């Protein structure tokens with residue numbers, strides 16, 4: 001199965017994603033903003049760079065239930081974040 005995530009300036013859409021445990025989910029990442037962004041989920045070992053007007057897909061097979069922080073690395077105080085729930 002495929003879940004699409006839009007990266008834009010400066011947010012993730014959806015900002016809460018839910019992915020099945022112990023199955024490969026393909027995340028289709030589309031950077032529709034004008035800036036460079038990252039798709040980074042530290043506790044799931046995910047850290048992808050996506051250029052403006054480009055797309056990448058990654059496939060993830062999480063093993064543990066939980067709620068994990070999604071961030072873009074290119075911010076400090078004005079953060080760009082979301083949540084990935086493994087379910």
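In the numbering used here, the protein residues as written are 1 to 87.
Where a beta carbon is used, it is the ideal one built from N, C-alpha and C, also for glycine.
task = Would you kindly check if the distance between the Cβ of residue 40 and the Cβ of residue 3 is under 7 Å?
result = Cβ atoms of residue 3 and residue 40: not closer than 7 Å.
Under the three-state DSSP convention, the category residue 7 falls into = Assigned with DSSP and collapsed to three states, residue 7 falls in strand.
Sheet register partners of residue 82 (DSSP bridge) = By DSSP's assignment, residue 82 forms a beta bridge with 70.
ask   = What is the C-beta distance between residue 83 and residue 59, in whole angstroms, given that I count them as a contact (C-beta under 8 Å)?
value = By a beta-carbon distance limit of 8 Å, residue 83 does not contact residue 59. Their separation comes to about 20 Å.
query = What span of residues does the beta strand (DSSP E) with residue 37 cover, start to end?
reply = 37-41 is the span of the beta strand (DSSP E), which, as asked, contains residue 37.
query = Does residue 72 get closer than 7 Å to chain B when you measure Cβ to Cβ?
reply = Reference to chain B is not applicable here, since this structure consists of a single protein chain.
task = Determine, using beta-carbon pairs with one atom in the segment 48-65 and one in the segment 21-33, whether at least three such pairs fall under 8 Å.
result = Yes, the segment 48-65 touches the segment 21-33.
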